[PDB]
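Protein chains in written order, with the UniProt record's numbering: chain A, 9 to 628; chain B, 9 to 628.
As structure tokens, the structure follows; a few thoughts come after it.
2 protein chains.
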Amino acid sequence: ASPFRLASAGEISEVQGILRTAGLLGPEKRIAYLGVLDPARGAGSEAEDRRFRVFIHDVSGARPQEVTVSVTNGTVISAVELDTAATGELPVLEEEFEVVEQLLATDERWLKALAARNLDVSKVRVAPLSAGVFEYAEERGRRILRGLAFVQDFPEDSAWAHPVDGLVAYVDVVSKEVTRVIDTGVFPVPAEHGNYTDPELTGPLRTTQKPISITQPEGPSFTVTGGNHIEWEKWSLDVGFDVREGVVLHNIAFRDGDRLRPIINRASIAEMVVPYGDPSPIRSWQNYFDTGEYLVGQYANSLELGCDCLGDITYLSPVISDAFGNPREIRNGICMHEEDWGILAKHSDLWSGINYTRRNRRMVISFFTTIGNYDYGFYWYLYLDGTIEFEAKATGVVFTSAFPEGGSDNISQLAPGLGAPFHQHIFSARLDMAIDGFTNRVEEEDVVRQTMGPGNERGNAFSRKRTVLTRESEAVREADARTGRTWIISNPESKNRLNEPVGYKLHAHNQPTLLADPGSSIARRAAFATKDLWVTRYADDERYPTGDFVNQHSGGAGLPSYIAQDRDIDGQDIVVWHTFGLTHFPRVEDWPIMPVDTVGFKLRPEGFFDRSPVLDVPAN
Amino acid sequence: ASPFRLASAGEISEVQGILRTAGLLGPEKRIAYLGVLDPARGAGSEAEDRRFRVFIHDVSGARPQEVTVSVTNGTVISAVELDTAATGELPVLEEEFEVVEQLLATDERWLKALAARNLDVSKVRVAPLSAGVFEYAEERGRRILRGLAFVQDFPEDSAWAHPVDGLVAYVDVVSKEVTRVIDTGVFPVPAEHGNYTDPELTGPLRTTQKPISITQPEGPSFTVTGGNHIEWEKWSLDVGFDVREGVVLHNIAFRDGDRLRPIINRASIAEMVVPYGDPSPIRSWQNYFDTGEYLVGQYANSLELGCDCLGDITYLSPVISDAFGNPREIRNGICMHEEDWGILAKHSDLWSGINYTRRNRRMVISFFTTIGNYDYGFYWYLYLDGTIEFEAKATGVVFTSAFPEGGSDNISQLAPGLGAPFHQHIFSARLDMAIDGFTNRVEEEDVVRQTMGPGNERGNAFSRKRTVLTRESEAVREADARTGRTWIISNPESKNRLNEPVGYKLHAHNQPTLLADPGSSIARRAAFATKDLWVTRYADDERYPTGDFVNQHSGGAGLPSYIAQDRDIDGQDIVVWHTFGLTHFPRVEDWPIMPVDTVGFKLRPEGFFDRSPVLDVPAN
Ligand SMILES: [NH3+]CCc1ccccc1
Ligand SMILES: [NH3+]CCc1ccccc1
Ligand SMILES: [Cu+2]
Ligand SMILES: [Cu+2]
Ligand code: NA
Ligand code: NA
């Protein structure tokens, strides 16, 4: 019944039929993105209209199309031809992964490069990497992937241990031409394997770990209704899933007494970018937007009980479309469970004699995705006390190169002859805020140091200052860890019992933002990543910080174009965009498979409640 | 057998006998600190000499003494009279907590103040607060506590809800005189109660929480031998306990193959300070060093199975001395257990077809302490992958005041008429480093941004730079979150298989340091808290960042005096001192009992191992 329900296999089948009948799904068509559209602002009509957005690619070289379809009215709403030289290429297709290796395998320039290195072409894997936009005029308007080669010694070998450096090729995947092959020199292919399941490398496995059993004998404390609506410990929300963004959280609310109070209308990771800091011409073009270019949701793993998710697990199995419009289930793609989280509140009072201890817990909603060498877990946490937290968990295999004789300022050595270029992993969280309703504002809060003197005679005073962001042109903010800078999202029309505006405080990790030179191509295409915090006025079509078509777009789309409208954001329907990321100087311990590292952010209530919201928690 | 074993009740009894026989424990004596001394550098003699350090107070007004005693030779090693006007007062005694209220209860100035407010003296609780050093010349050389009053309406009432503002008294607890009573005006005593176990306030308790059962059917994976030696998942260490510092970790090492490799020789929280930022004369003197002035270990809680520590728990029950030299057990004062910690490493490889997932876990060693209104949990974590992490958990009841009519720049309103002054909680971790041995050095690592140009034609390069700290005068460092600043502790004489020095990287949270004016009394007494990182050359007597006698010391002792020696720290026996803390602007949700907030730091291996140290972990 809910307009926020997951897409069903039946809905996907109808979309395919509607497209087919209208002539838009010929044998040369490929669906490059399919996703349900959110209800527009003003759903108080209950006139449910399930609409879907589709990007249609053409393998014969015709112009792609963007198409909106109503499964509720069996109609094509709109269908527009796209000029990709203008607005960007469509996301990479999964079936294009192997096309790069196959086209290179018959190219004479490629075979001469491999032969000079004594490499058997049947052993050489080619990574299908997004191309970006650089100096090559012949690439404008064409669908280009770039290829870097790795050697597999045998079918189960980890190819990442054997990069073929000094060699890169560019490929046009529509016309099937190899446009350039660049060979800058021969590097020894690193010889050690990185097979982390080989007993030769692992040694004897440990026998010292004894099992930890986590069970819920009466089942979990949360309920799931309508397929994806969650209620847990006064929290209410809908769990959505989009093939581009992955897990999306809708309608986050908290039941404060008899009142259901909204907090966040929509929460997602709307983009992520991995820029590499190696100036070698072999890799200096390398940046991928896993979300915008590859679509992280379509590579979600099936999560195994006991290994990936431990405890009393409830699974969701989202449905997406394959390239031909058929539905495919991602079995067990989303794990949901509650976890004990230590002490929530504790006090032993000397004067009253009362000893008080309560335990905390959190609700976990998570998925894992794999794009090539990288694996990422996305975790949303809801805590008893009103805190919301996101955590990214980065693991998988680092992207490798040769380690140059005589070292490098931009590459780490992981093993003899084997290097790992410096890079970042940068995320954009899009938080469509709804603190007690849609009239919200953002204040920047800094600690204020005070000078010893009149009114502060012992020099101990300190304070804080809050600056309201009133227009989009002043809502592009940087972190300042030294002044304890945070941002408060408040509702000036909703007050707590002290007559102060209710609010939530955003706590950032204050990691470095984009390191690239501001005049670089990546700084223009990933402009969102140059600042920690952006606030925009809500608008239906402003979904991604990089725009709708990230692949090979020349830059500027998204956030910098949105905020130039300079709209009013002081007590309006606003969206907060938080940039956060990891700067990764690879270490020896990251090899041959990387232990998880983490980054994220959290939001805590700031005078949202009239007192602690966990006074009614019982004693275990 | 181990020289690092916990003190036994029998050892305490011998100390008391030795002191008594030597004439040092007369009926006017009080033991204000008793603790075992660490073995000196050069324990390779195995000549165990269990020595204890004792601070002896005299309630009749004689000079206190510092005494060292060998329980191994039944001898007083040394006994020195202390000039407290010079070197500071002894730590607050527990029996002095009630003396402040009792002395005030018969003072005419105090009774006139209470009578003007219609307060029954039998309802008025007085907090025994450390005095610091300010402008009062009469206080030099005397043992002073200051008193702030709270009203208890009935024996089980939370007094913190009813501060008596505009009133403070200073008391000499040795001569039992009230030296001053300051009344700056009448404030209404806030009327609402803060009784968080009152059904009137909590409402009906939740019935929606279902149990989480954590068990280990074959017992825990770690072993405890010799009372306090832990082995777990290649980690080895001794858990110590000191009445001042609390849990202390000794001899942290990791078994890498057949080799036991040291990492940290001694880890402790060596000081913590809570400065208040309210310039009102009633509170502008308020700073307490919970560790140095009050001794956090002697207020450790007895931790309850199921409430405080959940899972398969192993307890340690440390023994300390009471004020008369009798041993007292802190039953169940330290909890130890292992916890599941999610995914450790994961990759699904497109080319080899191998799907790989391993789970992480951590070893937890924790205690909780209560000093007045505040409750703090101290947690040490050891992870499978070599990471060491500390976390402080702050809860309890916020310190309160009246909320002034017309507001305040330095106080938060929590309830009608009830305020909570701004303050910080700042910790000092003392890490006596032993990375693969005692020859260590510290490098500061900053990210380096590079300009687009020759050698960096696409403007994507970035790098990092490391600066060796060679002398103590240059080893006082500040954080810089914007440049991703970290510190690496390495051993230049111990290399990994890549011929690079083995190391560990310290990751700070980069929270604000001490906010007080640098010319303030607190900035002089808590000088350590003004900078994020200090490195000193190890020396036996350099134990605390504030010196041995914090109470009423005039400032400068500790770290600023140590580093003026300007000793060589480049490949030497060094000690890292990390300042970290929380800046607390109290929120409504902190009232009437505060949900836990956290701060801490972590150390991760940086080329310490020759590859990931968790390749031998098995598949669940
Ligand atoms: N993460 C997207 C880049 C990528 C895609 C496929 C293989 C290796 C790398
Ligand atoms: N934390 C040390 C200060 C303190 C001590 C006792 C009661 C209230 C406050
Ligand atoms: Cu990385
Ligand atoms: Cu606090
Ligand atoms: Na909004
Ligand atoms: Na050392």
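For each residue, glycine too, the CB sits at the ideal point set by N, CA and C.
- Message: If I follow the unbroken alpha helix (DSSP H) through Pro207(B), where does it start and stop?
- Response: Segment 207-210, the alpha helix (DSSP H) holding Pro207(B).
- At what residues does the alpha helix (DSSP H) containing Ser569(A) begin and finish? 567-571
- Message: Considering just the uninterrupted stretch of the beta strand (DSSP E) at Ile530(A), what are its terminal residues?
- Response: Element bounds for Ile530(A): not the beta strand (DSSP E) but the alpha helix (DSSP H), 529-533.
- Query: Is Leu45(A) near ligand 2, judged by its Cβ being under 8 Å from some heavy atom?
  - Reply: no
- Item | Nearest to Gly211(B) (by Cα), restricted to the options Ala524(A), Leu175(A), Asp266(A) | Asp266(A)
- Got a sec: is the Cβ-Cβ distance from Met602(A) to anything in chain B below 9 Å? yes
- Message: DSSP three-state label for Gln24(A), please.
- Response: helix
- Cut-off 7 Å between Cβ atoms - residues of its own chain near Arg369(B), not counting five sequence neighbours on either side: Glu346, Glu347, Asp348, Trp349, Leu392
- Task: Spatial neighbours of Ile601(A) within its chain, please: CB distance less than 7 Å, with the 5 preceding and 5 following residues excluded, ordered by chain position.
- Result: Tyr204, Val405
- Query: Heavy atom of ligand 6 less than 8 Å from the Cβ of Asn273(B), yes or no?
  - Reply: yes
- Counting Cβ pairs closer than 8 Å, one from the segment 382-397 of chain A and one from the segment 413-431 of chain B, do we hit at least three? no
- Chain-ordered chain B contacts of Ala167(A) [CB-CB under 7 Å]: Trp359
- Task: Using a Cβ cut-off of 9 Å, pull out every chain A residue sitting near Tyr364(B), in sequence order please.
- Result: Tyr204, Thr205, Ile601
- Message: Quick check on the DSSP output: the alpha helix (DSSP H) that includes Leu245(B) runs from which residue to which?
- Response: Not the alpha helix (DSSP H): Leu245(B) falls in the beta strand (DSSP E), residues 243-250.
- Whose C-beta lies closer than 7 Å to the C-beta of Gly467(A) among residues of the same chain, with five residues either side of it excluded? Around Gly467(A): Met460.
- Comparing alpha-carbon positions, which option in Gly248(A), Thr606(A), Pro326(A), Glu413(A) lies nearest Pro47(A)? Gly248(A)
- Task: Out of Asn499(B), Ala487(B), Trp388(B), point me to the one whose CA is closest to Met441(B)'s CA.
- Result: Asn499(B)
- Whose CA, out of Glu312(A), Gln160(A), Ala40(A), lies closest to the CA of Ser130(A)? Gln160(A)
- Any residues in the segment 442-465 of chain A with a beta carbon nearer than 9 Å to a beta carbon of chain B? Which ones, in chain order? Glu453, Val455, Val456, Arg457, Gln458, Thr459, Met460, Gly461, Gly463, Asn464, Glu465
- Message: Taking only three categories from DSSP, how would you classify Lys503(A)?
- Response: Of the three classes helix, strand and coil, the one that applies to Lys503(A) here is strand, per DSSP.
- Message: Per the DSSP calculation, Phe376(B) is bridged to which residue(s)?
- Response: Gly385(B)
- How about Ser221(B) and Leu311(B): do their beta carbons lie closer than 9 Å? no
- Message: When you compare the CB of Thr215(A) with every CB in chain B, is at least one pair closer than 9 Å?
- Response: It does: the Cβ of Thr215(A) has a partner Cβ on chain B nearer than 9 Å.
- Under a three-way DSSP split, which group does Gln73(B) fall into? strand
- Quick one: is residue 631(A) near chain B, going by C-beta distance under 9 Å? Within the shown structure, residues of chain A are numbered from 9 to 628, placing residue 631(A) beyond reach of any answer.
- Query: Going by DSSP, which residues form a beta bridge with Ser78(A)?
  - Reply: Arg59(A), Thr83(A)
- Message: If we define contact as Cβ-Cβ less than 9 Å, is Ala199(A) a contact residue for chain B?
- Response: no
- Does the beta-carbon of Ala15(B) have 16 or more other beta-carbons within 10 angstroms, so that it is buried, or is it exposed? buried
- Report buried or exposed for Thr216(B), applying the criterion of at least 16 other Cβ atoms within 10 angstroms of its Cβ. exposed
- Task: Consider the C-beta atom of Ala483(B) and the heavy atoms of ligand 7; say whether any pair is separated by less than 8 Å.
- Result: Only ligand 1, ligand 2, ligand 3, ligand 4, ligand 5 and ligand 6 can be found as ligands here, which leaves ligand 7 out of the picture.
- Item | Residues that DSSP places opposite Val455(B) in a beta bridge | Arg472(B)
- Query: Below 8 Å, can you find three or more Cβ-Cβ pairs linking the segment 470-481 of chain B to the segment 558-577 of chain B?
  - Reply: yes
- Task: Examine ligand 2 and report whether any of its heavy atoms sits within less than 8 Å of the Cβ of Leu112(B).
- Result: no
- Assign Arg490(B) to one of three DSSP states: helix, strand, or coil. helix
- Message: I'd like to confirm something about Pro171(B): is its beta-carbon nearer than 8 Å to some heavy atom of ligand 4, or not?
- Response: no
- Item | Cβ distance (whole Å) where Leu352(A) is taken to contact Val625(A) below 8 Å | Between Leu352(A) and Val625(A) a beta carbon distance of about 7 Å is seen, short of the 8 Å cut, so the two are scored as contacting.
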